[PDB]
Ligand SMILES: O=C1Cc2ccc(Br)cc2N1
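Form deposited without this ligand, single chain, as structure tokens, below.
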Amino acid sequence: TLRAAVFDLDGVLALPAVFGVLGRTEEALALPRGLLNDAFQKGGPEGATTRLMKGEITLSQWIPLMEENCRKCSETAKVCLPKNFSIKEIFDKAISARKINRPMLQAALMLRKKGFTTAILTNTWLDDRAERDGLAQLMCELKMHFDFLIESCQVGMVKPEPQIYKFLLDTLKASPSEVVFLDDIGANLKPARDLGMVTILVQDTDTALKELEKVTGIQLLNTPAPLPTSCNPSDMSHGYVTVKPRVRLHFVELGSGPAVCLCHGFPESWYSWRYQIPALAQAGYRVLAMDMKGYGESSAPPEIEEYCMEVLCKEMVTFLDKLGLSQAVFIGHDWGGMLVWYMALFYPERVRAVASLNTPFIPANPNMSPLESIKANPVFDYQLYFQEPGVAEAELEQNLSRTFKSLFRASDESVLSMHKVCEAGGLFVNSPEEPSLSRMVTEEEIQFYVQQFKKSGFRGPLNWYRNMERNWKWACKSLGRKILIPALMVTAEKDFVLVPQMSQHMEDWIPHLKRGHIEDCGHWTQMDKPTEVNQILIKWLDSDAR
């Protein structure tokens, strides 16, 4: 019967609640118990705080009004306000003190995921303080997880006036006995209850959630750790840059701060970074997640040379130029890993910082051609299979669903063997027509890749593998050099192709290299261990790219 969930902000989604700072200030400054709240509520519906909450005045017009109220309250109580008493000062501290209440948000997340219509209903103000950005951030981080945000100052009404609940029920397209409403102030529940809404006084979070769990019949507390926030492709800002006449580059863009350019692998998508894209934006970064040349909404010229490393790097630099970026942090995985390394080597001035997932920096062997090298490793066999234009395209484009369902697997979940692919005559010869969904990806996620590769298919992506000679000659020009910009390498325990030991010799070329390791991690790092990936990168960026 419950179909909707409403959360107060202050005291429910954010802690500590600003009303409690009022008590601790009183206590701190040894003021009469409740003085600050008497002054705050002064005049009830005709008072300054209602005008604020109704949106009639801004937070800065309100500040001196509240000071007066404190004077009037302190006079009436026959005490003297302390020297250098400052309402601005106090509210600054208070507002910046509050953070998202993780357990509660995730509870709301869960409820939405099981299909509830969730909303924030809050009395709040038009904040014009020089420090308003802080609160602006919080509300941003919070609003993306809810169907609605109803702000007292935006709708001209306040809790606990009955009108706002009607507005709430209207906005929800629900009837009162279908909503649960959580709030920390009892007065505000009264009117929700009168309409027949389930209510919860939120004192301590956990108890509030136990009640919520009980009423909804969904497990909220003690539940498993949820995935990082993902991306709905159509809620994203999509960018397009022509880097030369044939060729356009597409990216997805989120956040502000230092520019971070995410470079996916074979055969993937900007979408392979769906778990990183929110995290880093939230961490303070401008994330530019590429469709690498040949993929998705990016161009895919058919010629092989269009995909050698030199051209691909030139084109990334041009990307920076047209977009006005003097530098960006480069982070790549798989093929994208290889490319960001060479970016560091040929264009240090344009690379703020470099990092790679799984892809070690391997230098060219001036003495042994890459064809020889690739033969020297059985696990590289599939690469020779990729050389003959047409063969791999045909196998891979034959059933897309099948292809990605088969590639995108966690460690325990392997259904292919990159071992003697050539001999076998294909990648899929002894793997299933209809592989099971891997635990890492949903049917919907797989279909996204499916719809993308329908645009250009595999020629472009496969071409990346077809310039072994050209890339080797090129790479050799950099044998003299060293990587001295900040650099992170991140290894995946259970990558059975990009094994962590391939990275062992990296400090020889990259003396200040920083490292990350991820246990129980296959080749598809971002979607296998998104929490860990986010943790390692954000930590790295904060110390090294700022």
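The numbering used is simple: start at 1 and walk along the sequence shown. Between two forms, the rigid core is the largest collection of C-alphas that superpose within 1.5 Å.
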Divergent stretch in 9 other deposited structures of this protein, 408 to 416 or 224 to 232 [C-alpha RMS, superposed by the core]:
408 to 416
Do the Cα atoms of 527 to 535 stray more than those of 16 to 24 in 9 other deposited structures of this protein, or is it the other way round, with the core held fixed?
16 to 24
Averaging CA B factors per stretch from the PDB record, which one is higher: 215 to 223 or 248 to 256?
215 to 223
434 to 442 versus 362 to 370 - greater average Cα B-factor per the deposited record
362 to 370
With respect to the C-alpha temperature factors reported in the PDB entry, which of 310, 297, 306, 141 ranks highest?
141
236, 323, 174, 243, ranked by C-alpha B-factor: the highest one:
174
Within-chain third of residue 287 by Cα B-factor, per the entry:
lowest
Chain thirds by Cα B factor, record data; residue 523 belongs to the middle
Sort the modelled residues of this chain by their C-alpha B factor and say whether residue 466 lands in the lowest, middle or highest third.
lowest
Chain thirds of CA B-factor: placement of residue 60:
middle
Where the record places residue 315 (Cα B-factor, split into thirds across the chain)
lowest
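What comes next is about the form solved in complex with this ligand, which is not displayed.
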Although this ligand is absent from this view, report whether residue 347 comes within 4.5 Å of it in the bound PDB entry, heavy atoms only.
no
With the partner left out of view, is residue 118 within 4.5 angstroms of this ligand in the bound PDB entry by any non-hydrogen atom?
no
Answer with yes or no whether residue 216 is in contact with this ligand in the bound PDB entry, where contact means some heavy atom within 4.5 Å.
no
Counting only non-hydrogen atoms and a 4.5 angstroms cut-off, does residue 148 reach this ligand in the bound PDB entry?
no
Exactly one residue in 197, 281, 475, 87 has a non-hydrogen atom within 4.5 Å of this ligand in the bound PDB entry; which is it?
475
Which pick from 300, 309, 328, 209 sits with a heavy atom within 4.5 Å of this ligand in the bound PDB entry?
309
Can you check 134 to 142, 461 to 469, 223 to 231, 448 to 456 and let me know which stretch has heavy atoms within 4.5 Å of this ligand in the bound PDB entry?
461 to 469
Would you give me the residues of 372 to 387 that have any heavy atom within 4.5 Å of this ligand in the bound PDB entry, in order from first to last?
373, 374, 383
